[PDB]
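One chain comes next, on its own, written out as structure tokens in the form solved without the partner chain.
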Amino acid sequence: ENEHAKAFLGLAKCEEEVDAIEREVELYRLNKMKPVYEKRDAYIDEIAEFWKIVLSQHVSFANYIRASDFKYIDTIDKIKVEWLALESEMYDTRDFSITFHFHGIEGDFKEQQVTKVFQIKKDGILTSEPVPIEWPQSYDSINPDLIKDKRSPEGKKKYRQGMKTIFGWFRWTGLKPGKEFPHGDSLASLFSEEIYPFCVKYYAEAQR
């Protein structure tokens, strides 16, 4: 019992050392990868429908967003993730900004660049701040900033629809559970951990 307690305490400390190691290793990886991502993304910028192809290829991504969203997701010409811990070691290694550029759709959806920023709070949860994005005209009836009667049976339905779109995700903060785009934090991690890092592999899978 004292032998086991001694062992458990020893193991608790070993686990902290492992965490310390994982951070140091990830920081090193991030630094080494930065110039490689810069070169890679320059080649990607030359590829026609790269991101459209990549986002239709990811198995999980489609589950997070509305079917109607896909005509607008098809307009993404650039995705850029930047890891904040490269700016400051005070950041968690999971902290990042993501920049989208949409080419837009004539007469319906604005050509625009949008940057959303994700940071860990105290384990640890991703949080964000809302960022301006212009919603497409097709979505005017489900646009949160446009809906007139939010607490009227029809308006509640319309508010709920709008907030489950990819555009609702740009409002997500992670600070009001149950009131925001569902699983906004999981979607964020999908971009930082899967989509952005492995996009070229997804693009090749879509060809094969």
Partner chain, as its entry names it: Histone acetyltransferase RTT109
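Residues that one form lacks are left out of the comparison. Here the rigid core means the biggest group of C-alpha atoms that line up within 1.5 Å when the two forms are laid on top of each other. Numbering follows the first chain given and starts at 1.
From this point on, the text means the form deposited with the partner chain bound, which you will not see here.
Participant: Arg171 near the partner chain in the deposited complex, any heavy atom under 4.5 Å?
Facilitator: No.
Participant: Along 139-173, which positions have a non-hydrogen atom within 4.5 Å of the partner chain in the deposited complex?
Facilitator: Stretch hits: a single one, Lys164.
Participant: With a threshold of 2 Å on the C-alpha, tell me if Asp19 counts as moved between this form and the one not shown once the core is superposed.
Facilitator: Shift at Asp19: 2 Å or more after core fit.
Participant: I need the moving stretches between this form and the one not shown: superpose on the rigid core, then report runs of 3+ consecutive residues where each CA shifts by 2 Å or more, in sequence order.
Facilitator: Shifted run of three or more residues, which all move 2 Å or more: only 2-21.
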